[PDB]
2 protein chains.
Amino acid sequence: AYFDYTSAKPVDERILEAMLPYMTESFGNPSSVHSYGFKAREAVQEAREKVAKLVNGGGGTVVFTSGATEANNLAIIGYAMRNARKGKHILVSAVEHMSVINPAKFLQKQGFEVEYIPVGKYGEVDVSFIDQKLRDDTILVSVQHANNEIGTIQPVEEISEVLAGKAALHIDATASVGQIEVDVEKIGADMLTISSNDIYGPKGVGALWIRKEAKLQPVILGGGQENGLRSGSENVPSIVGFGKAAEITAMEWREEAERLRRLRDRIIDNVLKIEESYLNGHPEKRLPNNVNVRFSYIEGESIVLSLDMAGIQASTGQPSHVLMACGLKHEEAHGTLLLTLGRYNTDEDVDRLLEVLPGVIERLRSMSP
Amino acid sequence: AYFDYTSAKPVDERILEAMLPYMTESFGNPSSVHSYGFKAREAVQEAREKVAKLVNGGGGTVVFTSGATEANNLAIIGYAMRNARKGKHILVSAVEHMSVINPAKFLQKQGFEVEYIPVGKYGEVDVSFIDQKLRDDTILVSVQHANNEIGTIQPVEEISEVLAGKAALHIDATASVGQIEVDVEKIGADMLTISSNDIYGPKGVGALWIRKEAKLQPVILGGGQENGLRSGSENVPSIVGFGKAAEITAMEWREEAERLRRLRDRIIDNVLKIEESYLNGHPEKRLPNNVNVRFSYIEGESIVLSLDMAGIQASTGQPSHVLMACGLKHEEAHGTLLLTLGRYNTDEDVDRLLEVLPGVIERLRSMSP
Ligand SMILES: Cc1ncc(COP(=O)(O)O)c(CN)c1O
Ligand SMILES: Cc1ncc(COP(=O)(O)O)c(CN)c1O
Ligand SMILES: [Ca+2]
Ligand SMILES: [Ca+2]
Ligand SMILES: [Cl-]
Ligand SMILES: [Cl-]
């Protein structure tokens with residue numbers, strides 16, 4: 001029973017079917033000026049359309065990347081560098097993925113002033129802080145749509161309203177697309193990170209959606225692909241796969257999200273019956289696929305080992321920067337179990353988890369001095 | 001008949017077979033601490049071994065990237081930035097791919113002094129220039145192993161000797177691996193770009209091999225993968241495919257190279273019978289898969305169109321910076337046809353090309369005032 005979807009997902013068989021022809025048969029480079037090139041370009045442009053449509057992205061452009069990490073790098077560094085004339089102040093949430101944080105820290109070394117937005121006890125960003133700290137020289141705010149460790153969905157719509165078309169809003173939607181509604185017009189995104197494998201597409205590809213008129217400096221330099229923003233010969237098969245994932249997700253996500261929530265809730269209801277167990281992240285304003293719980297006296301790493309031995313795959317997330325931002329102590333943060341659900345989980349998988357986990361927790365507790 | 005291998009190659013069916021299990025079945029993230037993670041990590045480490053062995057790379061490390069473009073960016077920018085204490089002077093060949101040139105131009109904007117190494121009429125770099133221009137503050141030299149436009153193989157072994165362990169030598173081996181012997185110890189490389197699809201692996205992955213003790217700044221920041229040098233969750237299927245490509249290439253390349261040369265030579269011998277035709281690049285110190293010819297009075301773009309209409313795919317390479325570096329006039333550079341061979345070409349494909357091309361050239365000539 002696999003409960004580590006936010007670490008990696010299987011490729012849907014339907015996505016693999018759409019991709020394969022482009023590996024072997026129709027293997028042209030979209031820049032080539034012959035029939036194989038034309039077919040490759042048509043495939044890319046069609047994929048690009050499927051990704052944009054997913055997120056209601058007609059008011060911007062999709063730029064293909066090698067994944068969410070490279071897309072977040074592009075968003076942070078590419079926007080800040082290009083727009084530094086307008087100011088060098090950036091607000092970044094304290095619970096962003098390291099592919100936003102580490103680029104932000106790089107900007108700090110380059111003379112930008114990066115201020116981290118605090119979160120409350122459930123990991124929600126403090127919107128009043130953003131409002132108080134926004135300045136004339138604030139050029140960029142980066143707040144994830146939802147947190148993939150603790151499940152908390154962020155108040156991106158209210159953040160957009162605060163910014164009032166004064167600073168660009170970058171939203172990392174790695175955790176949200178396919179789980180909750182991601183409509184760039186509703187959420188007021190100026191840049192949106194999208195991950196292919198998080199929607200059961202292939203690994204090794206992703207996108208940054210960029211609102212019309214937002215200008216970025218490329219990071220990956222070369223032959224000028226992606227209208228200059230991201231060079232390198234297009235990975236057509238992965239692009240096709242991601243597009244096919246985006247079209248399936250558009251069709252299926254609402255149903256899937258409701259199924260995940262059903263499973264999720266069964267887990268949370270039962271796990272929280274264990275003594276001295278505590279849910280991390282908001283209990284309600286929470287991604288449908290996320291269960292993050294901590295247990296007093298126990299090491300999360302030991303829970304994951306013990307579960308692995310029983311044929312159940314899970315995660316434990318220096319302790320997590322997200323957990324520390326929420327105000328947990330080192331020892332609380334250390335007792336964490338992350339269970340993340342996905343397309344292939346069944347009721348039987350949940351049954352198994354719920355039968356095995358209480359005994360696991362009971363042995364580990366017995367070991368604690 | 002497809003003669004545009006240096007734009008894109010098919011994935012070998014044997015490579016696809018090795019990859020597929022990792023898409024759907026064994027889809028773990030190598031950083032996960034459970035059985036699916038362990039299998040994924042074992043696959044990655046095994047691939048990494050197959051790539052290193054291909055190039056005799058035991059004296060260094062393979063860093064996985066999204067392709068040759070990203071690997072060249074890493075080599076140029078990552079090395080120069082990390083090593084700038086030692087000097088800010090860089091020598092780059094005039095005929096390097098734009099994924100080296102454009103990073104070099106970026107360094108020039110950042111205060112590095114980049115000097116372009118000239119080439120002679122066949123596109124060979126001027127080694128005496130490197131020797132004359134090397135200084136105490138020269139930290140990096142980037143010279144491709146061979147040129148993928150004109151086929152010319154570069155005197156990398158003699159360049160290594162010139163440098164005398166004074167400056168790092170970056171060799172872009174996109175064009176050479178699988179075509180000619182690429183042994184990092186023989187050629188004295190400190191960093192080597194390797195492209196997966198150029199060896200019939202999947203698109204969207206590649207590597208920079210880095211000699212032990214050479215230090216680089218990462219460009220793609222995030223979760224710390226690739227020992228900190230290139231963050232992002234590993235694209236296991238593509239990595240596996242690239243490894244499988246590297247193991248096949250190690251086994252098969254000498255044979256394949258001799259077959260390509262046979263085909264290549266048949267083409268060159270016959271094409272050069274056409275009046276007022278001229279080979280670009282060296283006639284002998286030349287990649288086995290490359291035929292680059294120009295025709296007086298004719299537009300290469302028209303030759304490619306006409307060939308496309310006959311079911312033959314080829315290339316024409318502002319005119320090519322490589323051709324201009326070799327001293328061609330605008331009108332000469334504009335009459336170029338590039339035919340690049342590969343694993344699936346047959347004698348029948350060559351027959352077809354040789355039957356069709358003389359008529360193509362005759363019509364186009366008729367149109368010239
Ligand atoms: C010599 C060479 N180097 C680098 C690259 C960059 O390759 P890619 O577009 O596969 O990233 C190319 C393009 N084939 C090339 O010919
Ligand atoms: C919210 C979020 N954002 C960005 C990423 C970076 O993703 P990747 O490692 O697929 O490039 C991750 C890792 N899953 C994440 O959870
Ligand atoms: Ca604006
Ligand atoms: Ca040295
Ligand atoms: Cl909160
Ligand atoms: Cl020469």
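Counting begins at 1 with the first residue displayed.
Recorded method is X-ray crystallography, 1.4 Å.
Including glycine, each Cβ sits where the backbone N, Cα and C put it.
According to Swiss-Prot, the protein has these features:
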{"type": "BINDING", "residues": "B:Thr69, B:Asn148, B:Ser233", "note": "pyridoxal 5'-phosphate binding site"}
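Around the Cβ of B:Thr69 (pyridoxal 5'-phosphate binding site), a 10 Å sphere holds 28 further Cβ atoms from the protein chains shown.
Residue environment of B:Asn148 (pyridoxal 5'-phosphate binding site) contains 28 other Cβ atoms, counted within 10 Å of its Cβ in all protein chains. Between the farthest pair of Cα atoms in the pyridoxal 5'-phosphate binding residues (B:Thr69, B:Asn148, B:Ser233), the distance is 31 Å.
For the 8-residue gap in the deposited structure, the Cα of B:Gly317 and the Cα of B:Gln318 are 12 Å apart, rounded to a whole number. A 10 Å cutoff on Cβ-Cβ distances gives B:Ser233 (pyridoxal 5'-phosphate binding site) a total of 23 other Cβ atoms nearby, all chains included. Chain A lies within reach of B:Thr69, B:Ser233, taking the binding-site residues B:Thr69, B:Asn148, B:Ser233 and requiring a CB-CB distance under 8 A.
For ligand 2, the binding-site residues lying close by, meaning a CB under 6 A from one of its atoms, are B:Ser233; the full candidate list was B:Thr69, B:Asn148, B:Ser233. Annotation note: B:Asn148 (pyridoxal 5'-phosphate binding site) sits in a coil segment as assigned by DSSP.
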